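K.L.:
Following this line is target03.txt, made up of compact mmCIF, C-alpha atoms and all ligand atoms:
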```
# COMPACT_ATOMS: atom_id res chain seq x y z
CA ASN A 701 -6.92 49.75 26.86
CA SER A 702 -5.89 46.36 25.40
CA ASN A 703 -5.75 46.19 21.55
CA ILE A 704 -7.35 42.71 21.36
CA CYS A 705 -10.81 41.37 22.43
CA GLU A 706 -10.68 39.88 25.90
CA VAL A 707 -12.87 36.90 24.83
CA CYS A 708 -11.58 35.80 21.36
CA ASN A 709 -8.12 37.44 21.45
CA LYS A 710 -8.43 39.06 17.98
CA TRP A 711 -8.30 42.70 16.91
CA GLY A 712 -11.13 44.37 15.10
CA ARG A 713 -13.92 46.86 15.97
CA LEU A 714 -13.33 46.97 19.78
CA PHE A 715 -15.28 48.77 22.54
CA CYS A 716 -13.15 49.79 25.44
CA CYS A 717 -14.08 49.54 29.13
CA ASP A 718 -13.94 52.88 31.00
CA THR A 719 -13.01 51.37 34.32
CA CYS A 720 -10.52 48.74 33.33
CA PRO A 721 -8.15 48.16 30.40
CA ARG A 722 -10.19 45.39 28.73
CA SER A 723 -11.69 45.61 25.30
CA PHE A 724 -14.44 43.71 23.41
CA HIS A 725 -16.03 42.95 20.19
CA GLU A 726 -19.65 43.96 20.30
CA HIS A 727 -21.12 40.40 20.34
CA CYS A 728 -18.16 38.86 22.29
CA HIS A 729 -19.20 40.87 25.39
CA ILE A 730 -22.25 39.44 27.19
CA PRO A 731 -24.60 41.18 27.27
CA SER A 732 -23.73 42.71 23.74
CA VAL A 733 -21.91 46.04 24.23
CA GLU A 734 -24.58 48.64 25.05
CA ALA A 735 -25.36 51.36 22.33
CA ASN A 736 -24.70 54.53 24.32
CA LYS A 737 -23.59 54.72 28.02
CA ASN A 738 -20.61 57.00 28.63
CA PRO A 739 -18.86 55.93 30.72
CA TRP A 740 -19.26 52.17 30.01
CA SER A 741 -18.19 49.49 32.39
CA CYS A 742 -17.61 45.85 31.16
CA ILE A 743 -19.04 42.73 32.85
CA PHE A 744 -15.77 42.11 34.72
CA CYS A 745 -16.07 45.55 36.28
CA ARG A 746 -19.82 45.08 37.08
CA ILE A 747 -19.11 41.75 38.82
CA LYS A 748 -16.28 43.28 40.88
CA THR A 749 -18.73 46.04 41.99
CA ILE A 750 -21.24 43.48 43.33
CA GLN A 751 -18.50 41.90 45.39
CA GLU A 752 -17.25 45.29 46.66
CA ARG A 753 -20.73 46.38 47.66
CA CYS A 754 -21.35 43.12 49.58
CA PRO A 755 -18.06 41.63 50.77
CA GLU A 756 -19.96 38.83 52.54
CA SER A 757 -21.16 37.59 49.12
CA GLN A 758 -17.74 35.89 48.88
CA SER A 759 -18.32 33.63 51.87
CA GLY A 760 -18.91 29.96 50.91
CA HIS A 761 -22.26 28.80 49.62
CA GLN A 762 -23.92 25.46 49.01
CA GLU A 763 -24.50 24.66 45.31
CA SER A 764 -28.02 23.51 46.08
CA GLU A 765 -28.93 26.94 47.48
CA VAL A 766 -27.28 28.73 44.53
CA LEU A 767 -29.19 26.70 41.98
CA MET A 768 -32.55 27.57 43.53
CA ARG A 769 -31.99 31.28 43.36
CA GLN A 770 -34.34 33.22 41.21
CA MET A 771 -32.84 35.05 38.25
CA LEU A 772 -32.97 38.58 39.68
CA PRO A 773 -30.59 41.14 38.08
CA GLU A 774 -27.44 40.14 40.03
CA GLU A 775 -27.89 36.40 39.29
CA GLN A 776 -28.67 37.17 35.62
CA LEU A 777 -25.38 39.06 35.47
CA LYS A 778 -23.43 36.28 37.22
CA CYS A 779 -24.75 33.72 34.67
CA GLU A 780 -23.87 36.04 31.77
CA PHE A 781 -20.35 36.35 33.15
CA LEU A 782 -20.00 32.57 33.66
CA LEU A 783 -21.15 32.05 30.02
CA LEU A 784 -18.61 34.62 28.86
CA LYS A 785 -15.82 32.82 30.81
CA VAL A 786 -16.60 29.70 28.79
CA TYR A 787 -16.40 31.60 25.49
CA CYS A 788 -13.06 32.95 26.65
CA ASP A 789 -11.55 29.43 26.13
CA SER A 790 -10.73 28.75 22.49
CA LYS A 791 -12.09 25.20 22.82
CA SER A 792 -15.57 26.72 23.19
CA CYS A 793 -15.71 26.80 19.41
CA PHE A 794 -16.72 23.17 19.40
CA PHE A 795 -19.79 23.84 21.56
CA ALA A 796 -20.86 27.32 20.20
CA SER A 797 -23.11 26.56 17.31
CA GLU A 798 -25.84 23.99 16.66
CA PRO A 799 -24.39 20.46 16.46
CA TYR A 800 -25.41 17.56 14.25
CA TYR A 801 -25.00 13.88 14.86
CA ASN A 802 -24.15 11.20 12.25
CA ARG A 803 -21.52 8.78 13.56
CA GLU A 804 -21.51 5.01 13.10
CA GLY A 805 -22.42 3.32 16.39
CA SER A 806 -23.84 6.41 18.11
CA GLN A 807 -27.16 8.08 18.29
CA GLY A 808 -27.59 11.87 18.82
CA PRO A 809 -28.85 13.29 22.09
CA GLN A 810 -32.53 13.63 22.87
CA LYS A 811 -32.05 17.30 23.80
CA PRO A 812 -29.27 19.01 21.85
CA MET A 813 -27.76 22.08 23.46
CA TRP A 814 -25.14 24.64 22.55
CA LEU A 815 -23.58 27.85 23.81
CA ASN A 816 -25.30 30.26 21.40
CA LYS A 817 -28.66 28.71 22.39
CA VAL A 818 -27.84 29.42 26.06
CA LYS A 819 -26.76 32.92 25.09
CA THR A 820 -30.12 33.54 23.34
CA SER A 821 -32.02 32.07 26.27
CA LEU A 822 -30.30 34.42 28.71
CA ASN A 823 -30.87 37.42 26.44
CA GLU A 824 -34.59 36.53 26.14
CA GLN A 825 -34.89 36.06 30.02
CA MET A 826 -36.01 32.44 29.58
CA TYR A 827 -34.44 31.17 32.78
CA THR A 828 -36.30 31.82 36.03
CA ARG A 829 -33.70 30.21 38.33
CA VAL A 830 -29.93 29.74 38.19
CA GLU A 831 -30.67 25.97 38.01
CA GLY A 832 -32.08 26.39 34.42
CA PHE A 833 -28.94 27.99 33.12
CA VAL A 834 -26.59 25.51 34.90
CA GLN A 835 -28.60 22.47 33.69
CA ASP A 836 -28.39 23.60 30.06
CA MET A 837 -24.63 24.32 30.38
CA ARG A 838 -23.93 20.91 31.93
CA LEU A 839 -26.10 19.24 29.28
CA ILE A 840 -23.80 20.56 26.54
CA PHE A 841 -20.87 18.55 27.95
CA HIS A 842 -22.90 15.50 28.96
CA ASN A 843 -24.33 15.20 25.37
CA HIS A 844 -20.82 15.40 23.96
CA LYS A 845 -19.47 12.67 26.30
CA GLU A 846 -22.25 10.31 25.56
CA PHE A 847 -22.12 10.77 21.76
CA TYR A 848 -18.35 10.53 21.29
CA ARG A 849 -18.07 7.37 23.50
CA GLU A 850 -14.48 6.17 23.38
CA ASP A 851 -13.29 8.56 20.70
CA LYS A 852 -10.52 10.70 22.16
CA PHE A 853 -12.58 13.80 21.07
CA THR A 854 -14.65 13.16 24.20
CA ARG A 855 -11.86 14.89 26.07
CA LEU A 856 -12.82 18.30 24.63
CA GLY A 857 -16.07 18.01 26.64
CA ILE A 858 -14.19 17.24 29.82
CA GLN A 859 -11.87 20.16 29.24
CA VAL A 860 -14.50 22.80 28.60
CA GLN A 861 -16.71 21.45 31.43
CA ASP A 862 -13.77 21.89 33.79
CA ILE A 863 -13.53 25.58 32.75
CA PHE A 864 -17.27 25.92 33.38
CA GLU A 865 -17.17 24.24 36.81
CA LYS A 866 -14.12 26.18 38.09
CA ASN A 867 -15.69 29.44 37.05
CA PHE A 868 -19.08 28.45 38.53
CA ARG A 869 -17.41 27.76 41.89
CA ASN A 870 -15.57 31.14 41.70
CA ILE A 871 -18.38 33.40 40.53
CA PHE A 872 -21.04 31.95 42.87
CA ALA A 873 -18.56 31.56 45.77
CA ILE A 874 -19.24 27.88 46.26
CA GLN A 875 -17.80 26.57 49.57
CA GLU A 876 -14.44 24.97 49.01
CA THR A 877 -14.21 21.21 49.69
CA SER A 878 -11.80 18.24 49.39
ZN ZN A 901 -13.97 39.02 20.30
ZN ZN A 902 -13.96 46.67 32.77
ZN ZN A 903 -23.42 44.24 52.40
```
Here is a file; write its structure as structure tokens.
Ligand SMILES: [Zn+2]
Ligand SMILES: [Zn+2]
Ligand SMILES: [Zn+2]
P.N.:
Amino acid sequence: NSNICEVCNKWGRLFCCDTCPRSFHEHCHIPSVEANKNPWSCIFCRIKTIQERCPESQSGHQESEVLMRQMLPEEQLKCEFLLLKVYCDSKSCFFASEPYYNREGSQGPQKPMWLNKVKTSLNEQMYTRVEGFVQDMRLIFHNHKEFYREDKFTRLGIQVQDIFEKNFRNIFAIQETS
């Protein structure tokens, strides 16, 4: 197994996947690394199994159909994995914890949102459809763009949203378009 966490790229107290060489901090993995379970298989491995069991699940989909899906176990897992892919980018640090807003010439968002809030909401099964999870994730970046206006820091929102959107299209097999 790797000697660093797959998500944050640091050493520490690492749990090792039994079916692949990745390793994780306990609360870096999503869901948090399960207490017992020998063998244990990481989220990467569990996602690859879904695909292998249903090869047709990789054919293109429309985003509007994906969003309306109910959050059954496989869609819950897909959203957990998509969240974890965002945390995998170091620039996620800016969007992880609860923000606050006191900048001359700007007003804070009406509905603040952040990654750890989405993480809690997934863990507590608060989303009934994929749409709920995707709306809260997109709201993180939209809030940031609106608040930071012409400051160059707005670009961090564009960057991390691009990581989100690319991974969304991959994990949910969204039909490729020009
Ligand atoms: Zn970690
Ligand atoms: Zn694995
Ligand atoms: Zn099948």
K.L.:
As a quick test: using all atoms listed in the file, which residues lie no more than 8 Å away from ligand ZN 903 (chain A)? Give them as a list in words.
P.N.:
residues 753, 754, 755, 756 and 757 of chain A
K.L.:
Tell me, as a ChimeraX atom specification, which residues lie within 10 Å of residue 787 of chain A, counting all atoms listed in the file; anything in the same chain fewer than 4 positions away does not count.
P.N.:
/A:707-708,728-730,781-783,791-793,795-796,815-816,860,863-864
K.L.:
If I take atom CA of residue 875 of chain A and atom CA of residue 761 of chain A, how far is one from the other in Å, to one decimal?
P.N.:
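Going from atom CA of residue 875 of chain A over to atom CA of residue 761 of chain A, I get 5.0 Å.
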K.L.:
Report the closest atom pair, with its distance in Å rounded to one decimal, for each residue of chain A that has an atom no farther than 10 Å from ligand ZN 901 (chain A); count all atoms listed in the file, sort by chain and then rising residue number, and write it as CSV.
P.N.:
```
residue,atom,partner,partner_atom,distance
A:704,CA,A:ZN901,ZN,7.7
A:705,CA,A:ZN901,ZN,4.5
A:706,CA,A:ZN901,ZN,6.6
A:707,CA,A:ZN901,ZN,5.1
A:708,CA,A:ZN901,ZN,4.1
A:709,CA,A:ZN901,ZN,6.2
A:710,CA,A:ZN901,ZN,6.0
A:711,CA,A:ZN901,ZN,7.6
A:712,CA,A:ZN901,ZN,8.0
A:713,CA,A:ZN901,ZN,9.0
A:714,CA,A:ZN901,ZN,8.0
A:723,CA,A:ZN901,ZN,8.6
A:724,CA,A:ZN901,ZN,5.6
A:725,CA,A:ZN901,ZN,4.4
A:726,CA,A:ZN901,ZN,7.5
A:727,CA,A:ZN901,ZN,7.3
A:728,CA,A:ZN901,ZN,4.6
A:729,CA,A:ZN901,ZN,7.5
A:787,CA,A:ZN901,ZN,9.4
A:788,CA,A:ZN901,ZN,8.8
```
K.L.:
Could the residues in this selection be written to a file with C-alpha atoms, as a tab-separated table (two decimals), in the coordinates of the input?
P.N.:
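Just written: out_26.tsv:
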```tsv
chain	number	residue	atom	x	y	z
A	704	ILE	CA	-7.35	42.71	21.36
A	705	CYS	CA	-10.81	41.37	22.43
A	706	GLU	CA	-10.68	39.88	25.90
A	707	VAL	CA	-12.87	36.90	24.83
A	708	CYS	CA	-11.58	35.80	21.36
A	709	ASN	CA	-8.12	37.44	21.45
A	710	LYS	CA	-8.43	39.06	17.98
A	711	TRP	CA	-8.30	42.70	16.91
A	712	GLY	CA	-11.13	44.37	15.10
A	713	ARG	CA	-13.92	46.86	15.97
A	714	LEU	CA	-13.33	46.97	19.78
A	723	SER	CA	-11.69	45.61	25.30
A	724	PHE	CA	-14.44	43.71	23.41
A	725	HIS	CA	-16.03	42.95	20.19
A	726	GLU	CA	-19.65	43.96	20.30
A	727	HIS	CA	-21.12	40.40	20.34
A	728	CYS	CA	-18.16	38.86	22.29
A	729	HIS	CA	-19.20	40.87	25.39
A	787	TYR	CA	-16.40	31.60	25.49
A	788	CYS	CA	-13.06	32.95	26.65
```
K.L.:
I'd like the neighbourhood of segment 841-849 of chain A as number ranges by chain, where a residue qualifies if any of its atoms comes within 8 Å (using all atoms listed in the file), though same-chain residues fewer than 5 positions away should be ignored.
P.N.:
A: 806-809, 812-813, 854-855, 857-858, 860-861
K.L.:
Dump as CSV the rows for residues of chain A within 7 Å of ligand ZN 902 (chain A): closest atom pair and distance in Å with one decimal, all atoms listed in the file counted, ordered by chain and rising residue number.
P.N.:
```
residue,atom,partner,partner_atom,distance
A:717,CA,A:ZN902,ZN,4.6
A:718,CA,A:ZN902,ZN,6.5
A:719,CA,A:ZN902,ZN,5.0
A:720,CA,A:ZN902,ZN,4.1
A:721,CA,A:ZN902,ZN,6.4
A:722,CA,A:ZN902,ZN,5.7
A:741,CA,A:ZN902,ZN,5.1
A:742,CA,A:ZN902,ZN,4.1
A:743,CA,A:ZN902,ZN,6.4
A:744,CA,A:ZN902,ZN,5.3
A:745,CA,A:ZN902,ZN,4.2
```
K.L.:
Point out the residue among A:789, A:850, A:765, A:752 with the least atom-to-atom distance to residue 831 of chain A, counting only C-alpha atoms.
P.N.:
A:765
K.L.:
Tell me, in Å to one decimal, how far atom CA of residue 759 of chain A is from atom CA of residue 878 of chain A.
P.N.:
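Separation between atom CA of residue 759 of chain A and atom CA of residue 878 of chain A: 16.9 Å.
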K.L.:
Using atom CA of residue 874 of chain A and atom CA of residue 862 of chain A as the two end points, give the distance in Å to one decimal.
P.N.:
14.9 Å
K.L.:
Draw an axis-aligned box tight on the listed atoms of segment 841-853 of chain A, then pad every side by 8 Å and write out centre and edge lengths in Å to one decimal as lines of an AutoDock Vina configuration file.
P.N.:
```
center_x = -17.4
center_y = 12.4
center_z = 24.8
size_x = 29.8
size_y = 28.4
size_z = 24.3
```
K.L.:
With only C-alpha atoms as the basis for distance, which of A:738, A:870, A:758, A:825 is at the shortest distance from residue 771 of chain A?
P.N.:
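Among A:738, A:870, A:758, A:825, it is A:825 that comes nearest to residue 771 of chain A.
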